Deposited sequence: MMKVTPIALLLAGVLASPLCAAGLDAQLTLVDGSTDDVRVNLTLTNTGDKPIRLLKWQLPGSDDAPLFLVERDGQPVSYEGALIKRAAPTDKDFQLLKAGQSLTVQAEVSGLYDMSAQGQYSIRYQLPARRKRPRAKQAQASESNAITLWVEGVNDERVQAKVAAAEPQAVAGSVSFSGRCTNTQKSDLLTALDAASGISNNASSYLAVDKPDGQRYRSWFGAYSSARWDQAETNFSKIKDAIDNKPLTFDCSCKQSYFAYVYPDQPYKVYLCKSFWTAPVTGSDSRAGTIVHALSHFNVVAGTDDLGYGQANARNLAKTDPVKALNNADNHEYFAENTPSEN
């Protein structure tokens, strides 16, 4: 028949990565339903419990047509398949406790052994709140909250600077260009609204984006930020940092500052401030670099 072993992958992370080995020990070949094998796509293939209580699946549920031939993975006599899958992104395992995980065996043409592990848990009151979607793992969840604390820091620093007007202010000149009291006031308003969203608004971070760039938002759908590959490749603080990407993305929301993405990068942002302060005050990266204030 079908032989399965589920094991926990060791690592210095809060991630719950499991390893499955499926072997055909039988006399004949066997076909296994492909979307019932744990890969990178979303499927509720695990039974997860916290202190004996079931933990709800969060991934996508999909309407598909009845499985045809094409949908089945072949396992020949003696052949084995080995695949890894992360569990904390599909099931909410952020709260601390003793968790149990079994793999739902794929249909052919019943469960694996259980593994049990301690989750130290995301130690944070926000989980003014922070929510997650698009398979953010336990580690991504923590890294995000760490990034948000830093975003709050530079965001506060920005507001603090904008409190007292300074016509010859270098920092301001750099990212917003030629001074006027009205233009200064616009940047100040913008930044206390960003700060307020960081500290007092229901935030949603999404880890589903697999695009090369940093992040994206739908400006009329507060407050959901989609995190892409360059956000993870980004440093926590500094230029084009994780903290700064958060300032950038939040500024877009119409209930925050309603900024556009007229241009990208410090150079373009600087040119915009000299070229058209009005454009600069309405550009997300200009607000990011103002806050990041990295030499």
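**Student:** Without any C-alpha position in the structure, which residue ranges of the deposited sequence would you list, numbering from 1?
**Tutor:** In the chain as deposited, 1-22, 132-141, 160-172, 341-343 carry no coordinates.
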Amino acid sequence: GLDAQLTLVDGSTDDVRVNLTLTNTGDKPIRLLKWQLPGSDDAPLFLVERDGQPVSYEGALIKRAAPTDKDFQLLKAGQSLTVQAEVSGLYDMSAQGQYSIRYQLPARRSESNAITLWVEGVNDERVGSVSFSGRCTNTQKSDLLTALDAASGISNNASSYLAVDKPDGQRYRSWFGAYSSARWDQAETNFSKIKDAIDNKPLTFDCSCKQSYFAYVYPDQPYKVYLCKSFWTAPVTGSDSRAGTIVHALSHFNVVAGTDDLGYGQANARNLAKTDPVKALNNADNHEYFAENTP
From here on, numbers count along this sequence of modelled residues.
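**Student:** State which stretch shows the higher mean Cα B factor in the entry: 247-255 or 231-239.
**Tutor:** So the stretch with the higher mean C-alpha B-factor is 231-239.
**Student:** Please compare 170-178 with 132-140 and say which has the higher mean C-alpha temperature factor in the record.
**Tutor:** Comparing 170-178 with 132-140, the higher average CA B-factor belongs to 132-140.
**Student:** If I read the C-alpha B-factors straight from the PDB entry, which of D206, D71, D92, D199 is highest?
**Tutor:** Comparing C-alpha B-factors across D206, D71, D92, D199, the top value belongs to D71.
**Student:** Say you rank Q186, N157, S192, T82 by Cα B-factor from the PDB entry; which sits at the top?
**Tutor:** Within the set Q186, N157, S192, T82, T82 shows the top C-alpha B-factor.
**Student:** Going by the recorded CA B-factors, say which third of the chain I115 sits in, lowest, middle or highest.
**Tutor:** According to the entry, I115 has a C-alpha B-factor in the chain's middle third.
**Student:** Against its chain's modelled residues, does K279's Cα B factor rank lowest, middle or highest third?
**Tutor:** Middle third by C-alpha B-factor.
**Student:** What third of the chain does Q211 rank in for C-alpha temperature factor, lowest, middle or highest?
**Tutor:** Tercile = highest for this residue's CA B-factor.
**Student:** Considering every modelled residue of the chain and its Cα B-factor in the PDB entry, is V55 in the lowest, middle or highest third?
**Tutor:** According to the entry, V55 has a C-alpha B-factor in the chain's middle third.
**Student:** Grab the CA temperature factor for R270 from the record and place it in the lowest, middle or highest third of its chain.
**Tutor:** As the PDB entry reports it, the C-alpha B-factor of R270 lands in the middle third of its chain.
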